[PDB]
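*Asks:* Below is one structure. I have some questions about it.
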Amino acid sequence: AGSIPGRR
Amino acid sequence: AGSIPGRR
Amino acid sequence: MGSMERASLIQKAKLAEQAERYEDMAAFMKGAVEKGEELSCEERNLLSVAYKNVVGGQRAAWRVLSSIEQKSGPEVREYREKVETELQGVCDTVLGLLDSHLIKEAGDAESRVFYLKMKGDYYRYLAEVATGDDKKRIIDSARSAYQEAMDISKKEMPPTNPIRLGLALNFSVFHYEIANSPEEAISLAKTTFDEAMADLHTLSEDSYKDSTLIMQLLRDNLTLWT
Amino acid sequence: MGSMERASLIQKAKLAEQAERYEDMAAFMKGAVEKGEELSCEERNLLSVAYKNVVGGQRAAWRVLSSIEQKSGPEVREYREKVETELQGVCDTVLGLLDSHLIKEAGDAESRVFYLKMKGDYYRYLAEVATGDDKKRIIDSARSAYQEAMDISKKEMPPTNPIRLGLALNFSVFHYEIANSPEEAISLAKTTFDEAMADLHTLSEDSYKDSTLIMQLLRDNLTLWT
Ligand SMILES: *Cc1ccc(C(=O)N2CCC(CCO)CC2)cc1
Ligand SMILES: *Cc1ccc(C(=O)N2CCC(CCO)CC2)cc1
Ligand SMILES: [Ca+2]
Ligand SMILES: [Ca+2]
Ligand SMILES: [Cl-]
Ligand SMILES: [Cl-]
Ligand SMILES: [Cl-]
Ligand SMILES: [Cl-]
């Protein structure tokens, strides 16, 4: 289950 | 120029 | 960081991100917040990205050690407790910045939803490692922060707004992973995806890209959950 | 780490590697060395891997900032100086462990060549960032450490020994990147590769794999340099 990815 | 890679 | 200029802290936080020095980036942005001034949209992103990276590495290390601990001297439990305590300190630090005094001074919907989403995220991270007499109160603190941000975002933001979409995505993960409510998780992700789909026709090509990227993350979770 | 058992420090250093917590791993192995006892072959690898990871991230961040600095307020130079100072502190810490008292107590060829190779590596890392009145003396300190390790390895180790091969590889990189001696670098890598090739027939399948892996690294550099 993926949350908003941290970095960019 | 590659040295010995650090981790494994 | 009290002796460094606000602009220099922001300047060095962007340099730290380029160098992938996320602990430095978080310390710079912590000093920028403690100057007492509200954060711009870009500055809010710098704060979020910095601490999300730092706590992300801590969570990954915690899960490695907790898995070894469960498979199994006191060394494994001691070191897991060590990483767990440092993770809780970072979460407490972010929650302290939001409480002093980012949230109370956030009047716009964009800023207030952003900070309340952060508050739910870092209470969710505390909930991932909690086992004692506070576990339920920590879970409710995450739910309460997410719910207030959800209420404002539904009233004040279009269904395609990236912050609104990311909020619903993380709140859905909270329902699935923390609150033991997989049906609530699936319903929120599905309703969020469908209402954003119907609003895509109003967007420019650049905003279209921003929204559909997060919509695919919702789709990924739905495929995993159904 | 003076209050923790030697075995617990070694135990937790292996856990830190699994969790990719390399600063913790280095601190654990620093405490293990400071117990005063010599290191086993495996323990020497734990020490080397820990600090090579920590300084590796510092070097990568230094090169990002130094590139931005060269493209170009004082923020970029200040932050580069900050990372550079912390990199030099880690290198000084490793060199202090080798000098107190790992090297003087290393009598076997395997241990002594290993520590002297480390000494050349961390003086080479100091040389990468040096610009002042010490730059030449730091370069000579790296050359002297590499040369002593080379002399012992040629006398005491077969040409296929992984430590001997890795020593020659890193010494060749020193010649190319630090000493401005690309012809010396190419000659050492070529002679090392050829003499290891002629000794492969003596090895088992597992030792064959160990040696040919490092031989390919020498081949990669030769392809890049010729
Ligand atoms: C809560 C939140 C954060 C970020 C976005 C967003 O616009 N994303 C996801 C990651 C981002 C890089 C970090 O800024 C790129 C696209 C939405 C919601
Ligand atoms: C100086 C040195 C170090 C390590 C080797 C070696 O056997 N290698 C390269 C990296 C290693 C993982 C770290 O132990 C795997 C193969 C040779 C020479
Ligand atoms: Ca000022
Ligand atoms: Ca003891
Ligand atoms: Cl510990
Ligand atoms: Cl305001
Ligand atoms: Cl700085
Ligand atoms: Cl001895």
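If you go along the chain as it appears here, the first residue is 1 and each next one adds 1.
Just so you know, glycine gets a Cβ as well, placed from its N, Cα and C.
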*Asks:* Of the residues C:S8, C:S111, C:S172, give the one that Swiss-Prot describes as phosphoserine.
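*Replies:* Annotation hit in Swiss-Prot: C:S8.
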*Asks:* Take the expression tag (C:1-3) and find every residue of the same chain, 6 or more past its ends, with a Cβ under 8 Å from one of its Cβ atoms.
*Replies:* 9, 27-28, 30-32, 34
*Asks:* Ignoring the 8 unmodelled residues, how many Å lie between the Cα of C:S72 and the Cα of C:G73?
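*Replies:* Here the endpoints' Cα atoms lie 10 Å from each other.
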*Asks:* Can you check which residues sit near C:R59 (site 'Interaction with phosphoserine on interacting protein'), meaning Cβ under 8 Å from its Cβ, same chain, 6 or more apart in sequence, and list them in order?
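*Replies:* The answer is C:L87, C:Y125, C:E128.
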*Asks:* Quick one: Cα separation, C:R124 (site 'Interaction with phosphoserine on interacting protein') versus C:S8 (phosphoserine), in Å?
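*Replies:* Here the two Cα atoms lie 32 Å apart.
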*Asks:* Which recorded positions, if any, among C:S8, C:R59, C:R124 have a Cβ under 6 Å from ligand 4, given in order along the chain?
*Replies:* none
*Asks:* Using DSSP reduced to three states, classify C:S8 (phosphoserine) as helix, strand or coil.
*Replies:* helix
